[PDB]
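Accompanying notes for the structure given below.
In what follows, every heavy atom counts, from backbone to side chain, and hydrogens, waters and symmetry copies are set aside. In each ligand, atom 1 is the first atom listed, and ligand 1 is the first ligand listed. In this chain, numbering begins with 1 at the start of the sequence shown.
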Amino acid sequence: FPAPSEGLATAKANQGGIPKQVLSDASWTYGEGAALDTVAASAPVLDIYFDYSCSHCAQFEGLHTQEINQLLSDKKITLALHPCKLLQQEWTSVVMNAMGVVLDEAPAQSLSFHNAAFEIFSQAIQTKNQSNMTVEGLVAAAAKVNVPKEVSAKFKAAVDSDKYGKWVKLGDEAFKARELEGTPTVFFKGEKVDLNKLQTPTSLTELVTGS
Ligand SMILES: O=S(=O)(O)C[C@@H](O)CNC1CCCCC1
């Protein structure tokens, strides 16, 4: 697996059990394919290593989702999302199986679904009401972001069969290979980002634009 300093440096996994658009390091991306004669082609890579069951990742997503979406709309970053199961929680496999179905069948709603799955976790942390940390809760999150019903109907079977277990295994393999220490871990243009400097909802924007 290429070093983080290499950025987006793998081809598609092209394997059974792994979403079709996922790369060989388990990541997936937004904004990488701009034409080279466009300002959009200058979009440097922002890599985010995360676990769906990590509270720090949930907080990160809540704080930065608006500006990450804005940076993508403004064609200022290529976003690369790198999943793992560092915390060894089965919730991560549940979410990854539902996310795999979304990636494969409703990719237009994938980034919104990512946010929504983290929102479930954030709300549970705050309230101690864990009742939505289920397949049925993810179906509801998918409806909230308008994943088609025919797609979210496939979540239970994917979860029950661990359809995307190979993807979960690959994300952990990639995280280990690169000897990363915790989640989240963020790189920008291949350089480590100090998470302690990202404490506002515009802090990634400031980093990307040089302030
Ligand atoms: O090449 S572009 O930058 O025009 C588009 C490219 O980022 C699309 N990638 C994701 C992949 C899987 C989830 C949905 C979109």
**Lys76 NZ to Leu46 CG distance, which is reported to the nearest 0.5 Å** = 14.0 Å
**Message:** For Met99, run the side-chain contact (heavy atoms from CB on, under 4.5 Å) check against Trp167, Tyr164, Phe155 and tell me which one passes.
**Reply:** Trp167
Contact table, ligand 1 N/O with protein N/O, distance under 3.5 Å:
| from | atom 1 | to | atom 2 | distance (Å) |
| --- | --- | --- | --- | --- |
| ligand 1 | 1 (O) | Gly33 | N | 3.3 |
| ligand 1 | 3 (O) | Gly31 | N | 3.4 |
| ligand 1 | 3 (O) | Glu32 | N | 3.2 |
| ligand 1 | 3 (O) | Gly33 | N | 3.0 |
| ligand 1 | 7 (O) | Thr29 | O | 3.4 |
| ligand 1 | 7 (O) | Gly31 | N | 2.9 |
| ligand 1 | 7 (O) | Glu32 | OE1 | 2.6 |
| ligand 1 | 9 (N) | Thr29 | O | 2.8 |

**Complete:** Residue pairs meeting salt bridge (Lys or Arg N to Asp or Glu O under 4.0 Å), one or both in residues 128-137, sequence neighbours left out, come to none
**Asked** Rounded to the nearest 0.5 Å, what separation is found between the CG atom of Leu63 and the CG atom of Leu198?
**Response** 8.5 Å
**Prompt:** Among pairs that include at least one residue of residues 194-205, which meet salt bridge (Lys or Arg N to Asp or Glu O under 4.0 Å), considering only residues two or more places apart or in two chains?
**Reply:** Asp194-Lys197
**Prompt:** Can you list every pair that meets salt bridge (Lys or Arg N to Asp or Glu O under 4.0 Å) and has a residue in residues 93-115, with sequence neighbours left out?
**Reply:** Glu105-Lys154
